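The chain that follows stands alone, in the form deposited in one PDB entry, written as structure tokens.
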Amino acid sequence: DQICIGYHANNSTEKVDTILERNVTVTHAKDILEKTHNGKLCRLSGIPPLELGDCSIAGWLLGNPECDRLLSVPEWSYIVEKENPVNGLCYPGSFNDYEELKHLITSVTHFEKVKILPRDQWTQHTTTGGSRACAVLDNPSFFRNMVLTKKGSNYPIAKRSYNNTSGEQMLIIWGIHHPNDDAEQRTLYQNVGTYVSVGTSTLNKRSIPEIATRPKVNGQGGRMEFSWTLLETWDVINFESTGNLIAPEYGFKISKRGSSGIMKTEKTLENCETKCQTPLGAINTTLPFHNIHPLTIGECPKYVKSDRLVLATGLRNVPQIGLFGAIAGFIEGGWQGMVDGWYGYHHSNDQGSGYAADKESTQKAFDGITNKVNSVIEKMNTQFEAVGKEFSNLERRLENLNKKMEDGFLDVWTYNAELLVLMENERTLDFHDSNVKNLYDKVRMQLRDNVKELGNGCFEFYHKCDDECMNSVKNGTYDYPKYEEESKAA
């Protein structure tokens, strides 16, 4: 009669690395690295992205004729654009503090156009001024959200105002025209030596037109320079100009949800839903890390420069035909026949044989490994982030500093993730090793000299041991007083 201590083996060819060993085959393993995306551009927490396609934010807000059929949701979580949007300032020029503007309208509630300065009420000015650079049909056209040239032969001082009674912060854009030459100034605005002034309770600005010689861009040597401000509720904005004013017709009511970013991609909305979007597609995961794309938006796993992070959950797989020396050691191989536990017994007596999982050590192992995997996964913080940022080409240093920070964390997470995995795997294999070793000793210390140690994790009894006796061994209530029979040993 005999009982033998042993451990589970199977047909897994799954491999993991440890600190001490490479490519160890384990019975089971879990990948903590998310590599797959659904390939879709989705909504984020129910709220869709604003889809700009070929238009830039400036193009959209000024109303570049080529952005007319923009869908323009009432509410958005992020903004989707193509890499180098072709439709922006159709009439050539610049846009002050453009990047701050973008960052501001990145996530909105609540977004409503308002006709703050009706085209029709500039009664003493011509209002149909257009350009072939903004051509439609084609005829000379212009930014649709914007409007002034002399009426006949007179450019009276233009004085209009607007009180923000919309019940919300209003974004307002305006421009100044920089003519090509003096004759052009006088033919457009009659007056020379002009200005454009804009005032609110916090904004103070007066611009003078700059008449100079420049190359043609979209066929035009002239330039238009735009600025913007946030008009507070119940506050007034006053425009005054003797010429060169590019007036807005509309302002924009803004309620900031939070702060998001702009995603560059050629994909379009679908729904689908996600908590984490990438330019490649969305990510749905529990895992602490991913390697899909650095530029994400939402609550995402830590991005790492890794192609594989696999945790061992089972033990070393040793099918047959360690710090503790049990597994692949003094018990030379695992049992494929023992399918209902991690560690257990094989027995032979008169009544037969012989596999039985040990429920106690098995359940300790299940509870332990589950805890370990859960620790590694659950302790990871996950706050909302919009990685990609916008910088002008005179902000290269600021851009480089942002890049240096993202690279820094990447290096920290990657190295930390890789080593954590190598170190825990080593521990996990030793944990199994030790459980086996302790099971063997549990049996050895019960039986004492009522049995012989045969090697290979086996015990031969110096007495008959029936199924009831075997149970007592397996559940730790073996009765040693019975040391006779046993002198059968001598």
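Numbers for residues come from their place in the sequence shown, where the first is 1. For clarity, a rigid core is taken as the largest C-alpha set superposing within 1.5 Å between two forms.
Missing here is the form deposited in another entry; even so, the following discussion is about that form.
- With the two forms fitted on their core, the C-alpha shifts between the shown form and the other one stay under 2 Å for all of 401, 387, 192, 373 except 192.
- Once the cores line up, the CA of residue 165 ends up less than 2 angstroms apart between the shown form and the other one.
- Core-superposed comparison between the shown form and the other one: the C-alpha position of residue 154 differs by no less than 2 Å.
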